[PDB]
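Trainee: Attaching a single structure in structure tokens format; questions to follow.
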Amino acid sequence: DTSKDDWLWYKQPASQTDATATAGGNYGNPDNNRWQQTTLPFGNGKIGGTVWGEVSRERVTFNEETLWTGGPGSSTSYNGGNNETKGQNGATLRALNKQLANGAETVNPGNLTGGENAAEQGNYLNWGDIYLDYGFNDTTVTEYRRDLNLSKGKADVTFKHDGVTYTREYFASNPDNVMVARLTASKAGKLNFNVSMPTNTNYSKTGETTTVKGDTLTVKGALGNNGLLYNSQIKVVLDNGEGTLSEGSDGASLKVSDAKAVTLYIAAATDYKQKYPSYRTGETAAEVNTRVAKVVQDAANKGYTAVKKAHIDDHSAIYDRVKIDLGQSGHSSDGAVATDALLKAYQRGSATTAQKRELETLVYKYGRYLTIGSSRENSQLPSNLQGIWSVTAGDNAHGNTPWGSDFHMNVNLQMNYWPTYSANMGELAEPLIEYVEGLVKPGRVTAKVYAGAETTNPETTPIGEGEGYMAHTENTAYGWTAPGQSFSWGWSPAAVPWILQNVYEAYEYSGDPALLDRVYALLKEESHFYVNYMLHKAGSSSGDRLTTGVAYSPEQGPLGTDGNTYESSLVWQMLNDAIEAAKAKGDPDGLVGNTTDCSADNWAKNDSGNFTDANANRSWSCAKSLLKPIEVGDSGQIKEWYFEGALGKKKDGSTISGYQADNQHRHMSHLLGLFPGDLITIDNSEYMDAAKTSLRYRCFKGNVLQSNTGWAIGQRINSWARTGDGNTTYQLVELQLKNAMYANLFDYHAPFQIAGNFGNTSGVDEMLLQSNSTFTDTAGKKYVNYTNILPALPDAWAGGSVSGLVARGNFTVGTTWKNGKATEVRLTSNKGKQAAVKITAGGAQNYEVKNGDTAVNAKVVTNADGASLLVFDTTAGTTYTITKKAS
Ligand SMILES: OC[C@H]1O[C@@H](O[C@H]2[C@H](O)[C@@H](O)[C@@H](O)O[C@@H]2CO)[C@H](O)[C@@H](O)[C@H]1O
Ligand SMILES: C[C@@H]1O[C@@H](O)[C@@H](O)[C@H](O)[C@@H]1O
Ligand SMILES: [Ca+2]
Ligand SMILES: [Ca+2]
């Protein structure tokens, strides 16, 4: 019974599905454009398919997460893009900073660049395709449907051809490390097809072979760019013997005749490893082949029913954690509409309320689905710009694949991991944590070359004990931590502080001690790096403060300013978090310090880069207090640059060079303290009005809401949510759905970029629940990371319910509301932490707490603004119910 499952579903194959939305760069080929707008993704965090659902020549576009060009072996001098001749072991940066300190508003930052060789950078590759050719004379069908069952983690295709009902089922199992295709024909003798696996023609190879052994084909080779070994295998299994399984008449296929029912077991691997400097397992071609062979052998020995059960079990265990009911229709509703038609209706303004709710909740749920498919606990790599799904390939960076489908760390990679915790998929953040840990070794090289932070043995010094690791915007599978070849996107060292927010949240949401140790080690060394090498006393262009020196604000404005709001906001957050992590550990390193004898003069350095006063206070508390990251400009906006006057102008009325004149720059790099950070909050709201002014300019021309890239709308959804304005937040949700989603619900730039799918999920979470702020009651008592129920509920969602969301401190949160106000909150304490609960839609002072059959003593505390929390002790594993006071 699949009647209660969430489906995306279509009444026609990918080839006949609407692909008329903006294609974007790199998708001028019709077939590639069709791919990104209309195919349905599935994956196990490692391998992925995108299903076309073609009646005759069926196609599943195929990926493996580690098929990456570039890195060691791409040249004989691979050093992660670092240009020693430009960086001069920090000397270049030190001299440019002195020019800024001496009053310059900008400098020529041309030698703060690197990463010049595109072959060394490399990119993510589409592996190729699986073709299942049914031979058919005509493609004439009835009762056709293709779907993606998000609830069971599988794709389905069904049609009736010539009296024969055909079925296809595809999934990729994490427990058994295998992709499965189940193919059936209704009447015996009537399942005939050829199975092949061509690799993308557009990457170079060395010694590729397609081979047929038993019921198994193997494509096998090495990448020509870097020697990376790849191997994929399809094992065909006819149902209990019946059918002619023969080698294809071209040596490169397997032919099935006169079945019945078939199960294909599909597996793939490379010899990649996240292991600096070699990035290889050290396997031979023959070893890779044996490995891959086992996975399909074992899958085949388990059999279809067993592997399917284990996959659905594993998938639904994570997928079913969160339920949402806004009064949506679904695939089983009377009058149900296909997903492509629903999208068109929503865009037209012809969709009913129920259909609008169906699209909004489907998109929400798809962001959770896509996380499960691209980013599992045992993935070798986090989700990239496209998750794990791509059709394009070329050897070099900045080539055939847009932005190399890379790890883009000046908003996109961060966005990928915004909903991971709040949407109850905490374990799925593990590959991100490992990736950032993976940046330490190569980033120590960058830190040395560009900022003069030398770790004595960068390969064997534990994380936390080195001098610092530096990385920038464009990153890869191979420690490409160098700044890019052009400064005006390439230089962004605060990328690391930022991604460390995503990493630190793993601890904030769980309270796990093992995670605390890992996040502490990362924060300690990056905080060390900034304090000792990056920060300097600002010159006159940036006022009285420590700044981060030569800066670029992603991705507009002047090149090489004396810090900026982006870097200062992020370093402020990082120090805030480092201090919190140190405190949770007992501050065993004595690094928190204090603000006694605290001055930006404490950062004076001699010619060598050693501090003039070895003993001056440069503690984490001191540095934090000296950043002063937020300044309000003459349009009442948060300034993006410290010399800013009115919006996008200098104090003299001239235009800020490189500022996007219509005010709609996609990035909002100066508002990171509002979201995802904790600098500007509803409780600490000194700069809330300015953040809202800045947001209005970045989203509106007068009273008219502007479109933008899918990810940019996604960040705006989250930012507006943190302000408490549900109505404006919802307008941005509608905008994203109308203007940045293809028929397959992939978010687009254009072209397809997955970050906005993840940002949508996060944004909806922040509407319904926030947990990042600090409450101060009238007596000065602080409640950090209090649970905020319904902080930005739109008037459009008058009633509904949600369960399974996660708040910081490790609480599971369900809430039911009607007439715009909470009727029940269910709070499950997972760690036994003291609860502190705000009910924004209703007022917590009007409610009371129970533990099953008993009343809980909850204290009502309020602040200056007449807002209240319910404050109560809890025990691990207990669910508390909060309901309106009853007589
Ligand atoms: O060259 C790498 C940088 O590309 C920027 O994206 C450009 C894109 O390459 C160009 O074709 C044009 O259309 O504008 C885009 C945005 O300016 C990235 O934004 C930057 O991060 C680098 O990847
Ligand atoms: C993946 C890329 O990330 C940043 O470079 C943005 O400025 C681009 O517009 C694009 O979204
Ligand atoms: Ca992955
Ligand atoms: Ca926080």
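We name chains A, B, ... following the order of the structure tokens; residues begin at 1 in each chain, and ligands are numbered from 1 as shown.
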Residues at most 8 Å from ligand 3, using only C-alpha atoms and all ligand atoms? Could they come as a list in words?
Mentor: residues 45, 46, 65, 66, 374, 375, 376, 379, 380, 381, 382, 383, 384, 387, 388 and 431 of chain A
Trainee: Store the residues of this selection in a file with C-alpha atoms, as an mmCIF file, in the first residue's frame.
Mentor:
```
data_model
loop_
_atom_site.group_PDB
_atom_site.id
_atom_site.type_symbol
_atom_site.label_atom_id
_atom_site.label_comp_id
_atom_site.auth_asym_id
_atom_site.auth_seq_id
_atom_site.Cartn_x
_atom_site.Cartn_y
_atom_site.Cartn_z
ATOM 1 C CA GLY A 45 25.149 8.919 -0.746
ATOM 2 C CA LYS A 46 27.774 7.335 -2.987
ATOM 3 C CA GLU A 65 30.551 10.740 -5.842
ATOM 4 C CA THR A 66 34.356 10.299 -6.125
ATOM 5 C CA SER A 374 23.597 12.535 -1.704
ATOM 6 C CA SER A 375 25.062 12.683 1.851
ATOM 7 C CA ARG A 376 25.080 9.613 4.087
ATOM 8 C CA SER A 379 29.853 8.978 2.031
ATOM 9 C CA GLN A 380 33.414 9.785 1.232
ATOM 10 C CA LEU A 381 32.408 13.389 0.230
ATOM 11 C CA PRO A 382 29.686 15.884 1.176
ATOM 12 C CA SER A 383 27.025 16.932 -1.286
ATOM 13 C CA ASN A 384 28.563 19.080 -4.030
ATOM 14 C CA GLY A 387 24.419 16.799 -4.724
ATOM 15 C CA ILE A 388 25.811 13.794 -6.539
ATOM 16 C CA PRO A 431 30.812 13.743 5.474
#
```
Trainee: Show me which residues sit within 9 Å of ligand 1 when counting only C-alpha atoms and all ligand atoms, and put them as a ChimeraX atom specification.
Mentor: /A:25,397-398,402-404,406,408-410,473-474,484-486,488-490,554-556
Trainee: Taking only C-alpha atoms and all ligand atoms into account, which residues are within 10 Å of ligand 4, as a ChimeraX atom specification?
Mentor: /A:501-502,504-505,507-509,573-574,576-577,580,676-679,771-774,784-785,808
Trainee: Which polymer residues have any atom within 12 Å of an atom of residue 809 (chain A), counting only C-alpha atoms, with same-chain residues fewer than 6 positions away left out, as number ranges by chain?
Mentor: A: 421-422, 505-512, 770-773, 783-787, 827-837, 874, 876
Trainee: Of the candidates A:741, A:47, A:385, A:185, which shows the shortest atom-to-atom distance to residue 416 (chain A), using only C-alpha atoms?
Mentor: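 Of the candidates, the smallest distance to residue 416 (chain A) is held by A:385.
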Trainee: Determine which residues of region 113-348 of chain A receive a DSSP assignment of alpha helix (DSSP H), computed from the backbone, and state them as number ranges by chain.
Mentor: A: 118-121, 285-302, 304-319, 339-348
Trainee: Could you tell me how far CA of residue 732 (chain A) sits from CA of residue 765 (chain A), in Å to one decimal place?
Mentor: 14.2 Å
Trainee: So which residues touch region 843-850 of chain A within 6 Å, counting only C-alpha atoms, skipping near sequence neighbours fewer than 6 positions away, as number ranges by chain?
Mentor: A: 856, 868-869, 880-885
Trainee: Nearest to ligand 2 among A:407, A:131, A:78, A:366, with distances taken over only C-alpha atoms and all ligand atoms: which residue is it?
Mentor: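 Counting only C-alpha atoms and all ligand atoms, the residue closest to ligand 2 is A:407.
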Trainee: Using DSSP on the backbone coordinates, identify all residues within region 734-816 of chain A classified as strand (DSSP E); present the result as a ChimeraX atom specification.
Mentor: /A:769-770,774-776,782-784,787-789,800-807,811-816
Trainee: I need the residue nearest residue 558 (chain A) from this list: A:32, A:253, A:108, A:739. Use only C-alpha atoms for the distance.
Mentor: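 For residue 558 (chain A), the nearest of the candidates is A:108.
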Trainee: Show me, as a list in words, the residues that have an atom within 6 Å of residue 9 (chain A) when counting only C-alpha atoms, minus same-chain residues fewer than 5 positions from it.
Mentor: residues 146, 147, 338 and 339 of chain A
Trainee: Output C-alpha atoms of each residue in that selection to a file, as an mmCIF file, in the first residue's frame.
Mentor:
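Result file result22.cif:
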```
data_model
loop_
_atom_site.group_PDB
_atom_site.id
_atom_site.type_symbol
_atom_site.label_atom_id
_atom_site.label_comp_id
_atom_site.auth_asym_id
_atom_site.auth_seq_id
_atom_site.Cartn_x
_atom_site.Cartn_y
_atom_site.Cartn_z
ATOM 1 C CA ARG A 146 6.671 7.572 -13.788
ATOM 2 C CA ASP A 147 7.206 8.583 -10.166
ATOM 3 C CA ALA A 338 0.754 15.413 -11.751
ATOM 4 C CA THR A 339 3.764 17.241 -10.365
#
```
Trainee: What lies within 12 Å of residue 589 (chain A) using only C-alpha atoms, ignoring chain neighbours under 3 positions off, as a ChimeraX atom specification?
Mentor: /A:464-465,520-521,524-525,528,578-579,581-583,585-586,592-593,619-620
Trainee: Calculate how many Å separate CA of residue 595 (chain A) from CA of residue 780 (chain A), rounding to one decimal.
Mentor: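 Between CA of residue 595 (chain A) and CA of residue 780 (chain A) the gap works out to 20.4 Å.
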Trainee: Between A:616, A:411, A:238, A:600, which has the minimum distance to ligand 2 (counting only C-alpha atoms and all ligand atoms)?
Mentor: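 The closest residue to ligand 2 is A:411.
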Trainee: Please, what distance in Å, to one decimal, runs between CA of residue 81 (chain A) and CA of residue 575 (chain A)?
Mentor: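 It comes out at 28.2 Å.
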Trainee: Excluding residue 104 (chain A) and any residue of its chain fewer than 4 positions from it, enumerate the residues within 7 Å of it, using only C-alpha atoms, and give them as number ranges by chain.
Mentor: A: 99-100, 541
Trainee: Check the smallest atom-to-atom distance from each of A:161, A:545, A:781, A:821 to residue 622 (chain A) using only C-alpha atoms, then report the winner.
Mentor: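 Under the stated criterion, the closest residue is A:545.
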